[PDB]
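Structural overview
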Amino acid sequence: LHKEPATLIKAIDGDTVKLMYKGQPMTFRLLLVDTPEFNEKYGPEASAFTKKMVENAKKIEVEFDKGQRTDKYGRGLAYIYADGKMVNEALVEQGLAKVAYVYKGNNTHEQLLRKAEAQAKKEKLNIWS
Ligand SMILES: Cc1cn([C@H]2C[C@H](OP(=O)(O)O)[C@@H](COP(=O)(O)O)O2)c(=O)[nH]c1=O
Ligand SMILES: [Ca+2]
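Residues numbered from 1 in each chain as written, not as in the entry; some residues may be left out. Chains lettered and ligands numbered in written order. Heavy atoms only, no water.

In its metadata, the entry names X-ray crystallography as the structure determination method and reports 1.650 Å as the resolution.

The PDB entry annotates the protein as Thermonuclease of Staphylococcus aureus.

This is the structure we're talking about:
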């Protein structure tokens, strides 16, 4: 896998963000995770976490996996990095997302994210509290 540039257009919620990629606006859905909806418990906190992380970054990058690059709703499916830290991983380390939606062929960072979830669950953080 490889990182490609993008710039933020707008934070949406815990696991969706609007980015400019190859010069075109796209909504990205973070691979391999699930944040609560804004209306559910920990939703606001996930949205805020992601928002802060993407808005404060000097450098946003997109990393597609090996499979499908857009989902059935036209959202890009990627690992998104903010100054080299994976937002997908950071949410999970924080107990603000679960590992979820693990489809064969776009699952490169599964075990990385599961390891983070195990540690969050042991700290009993947020979702795991
Ligand atoms: C994360 C991800 C979600 N999706 C689809 C599955 C779910 O379909 P359904 O809408 O039919 O439940 C939906 C979940 O995304 P959200 O959690 O953003 O709703 O997006 C993919 O198809 N591929 C993916 O990698
Ligand atoms: Ca969600």
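1. Quick notes on the site of ligand 1
Operational definition: In this text, near means that some heavy atom of the residue lies within 4 Å of the molecule or strand in question. Polar contacts, as counted here, are pairs of nitrogen or oxygen atoms within 3.5 Å of one another; within protein the pair requires one atom able to donate a hydrogen and one able to accept it, and residues that are adjacent in sequence qualify only if both atoms are side-chain atoms. Per-residue accessibility takes into account occlusion by the displayed protein chains alone, with areas from the Shrake-Rupley method and a 1.4 Å probe. Cavity means a closed set of points on a 1 Å grid over the protein atoms alone, one where a 1.4 Å probe fits but cannot get out, pocket means an open set with protein on both sides within 12 Å along at least 5 of 7 lines, and lining means a residue has an atom within 4 Å of a point. Assignment of a molecule to a cavity or pocket requires that more than half of its atoms lie within 2 Å of the corresponding grid points. Think of it as three bins: nonpolar holds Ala, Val, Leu, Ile, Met, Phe, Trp, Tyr, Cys and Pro, charged holds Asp, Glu, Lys and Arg, and polar takes everything else, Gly as well.
In the vicinity of ligand 1, the residues found are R29, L31, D34, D71, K72, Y73, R75, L77, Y101 and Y103. Contact distances for ligand 1 include 2.6 Å between an oxygen atom and a side-chain N or O atom of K72. Between ligand 1 and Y73 there is a distance of 2.5 Å, counted from an oxygen atom to a side-chain nitrogen or oxygen. Protein chains bury 74% of the 550 Å² of accessible surface belonging to ligand 1 in isolation. In a pocket analysis with a 2 Å cut-off to the grid points, ligand 1 is assigned to the largest pocket. Class assignment for the residues of the shell around ligand 1 results in five nonpolar, no polar and five charged.

2. What about the coordination of the calcium ion (ligand 2)?
Quick note on the threshold: Donor criterion used throughout: N, O or S atom within 2.8 Å of the metal, extended to 3.2 Å for Na, K and Ca. Water excluded; incomplete-looking sites may result. Burial classes follow relative accessibility: with a 1.4 Å probe on protein chains only, a residue under 20% of its type's maximum area counts as buried, one over 50% as exposed, and anything between as partly exposed.
For the calcium ion (ligand 2), the protein coordination sphere consists of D15 (OD), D34 (OD), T35 (O) and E37 (OE), at 2.7 to 3.0 Å. Read in sequence order, the donor residues coordinating the calcium ion (ligand 2) give the pattern D-x18-D-T-x1-E. A relative accessible area of 39% places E37 in the partly exposed class.

3. Some words on helix α1 (residues 43-56)
What counts here: Numbered from the N terminus, helices here are DSSP runs of H or I no shorter than four residues, and strands are runs of E no shorter than two. A helix is expected to reach a length of 1.5 Å times the quantity of its residues less one. To obtain the arc, one takes the directions from the helix axis to the C-beta atoms.
Compared with the 20 Å implied by 1.5 Å per residue over 14 residues, the 20 Å span of α1 between its first and last C-alpha is a close match. For α1, the full list of buried residues reads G43, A46, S47, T50, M53 and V54. Here the buried residues of α1 occupy an arc of 140 degrees about the axis, which is enough to place them on one side.

4. A word on the UniProt feature "active site" in the protein
Short version of the rule: UniProt positions are given in the numbering used here, feature names are shortened, and annotations may be inferred rather than shown by experiment. Throughout, a contact is declared for two residues whenever any of their heavy atoms are within 4.5 Å.
Within the UniProt annotation, "active site" is assigned to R29, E37 and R75. Filtering the just-named annotated residues for those lining the largest pocket gives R29 and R75. Turning to its location among the elements, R29 is positioned in strand β3 (residues 24-30). If sequence neighbours within four positions are ignored, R29 has contacts with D15, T16, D34, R75, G76, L77, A78 and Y101. Reaching out from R29, the side chain makes a polar contact with the side chain of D15 at a distance of 3.1 Å. Summarising the element assignment, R75 is placed in the loop between β5 (60-63) and β6 (76-82). Take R75: its relative accessible area is 22%, and that puts it in the partly exposed class. In terms of polar contacts, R75 uses its side chain to reach the side chain of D71, at 2.7 Å.

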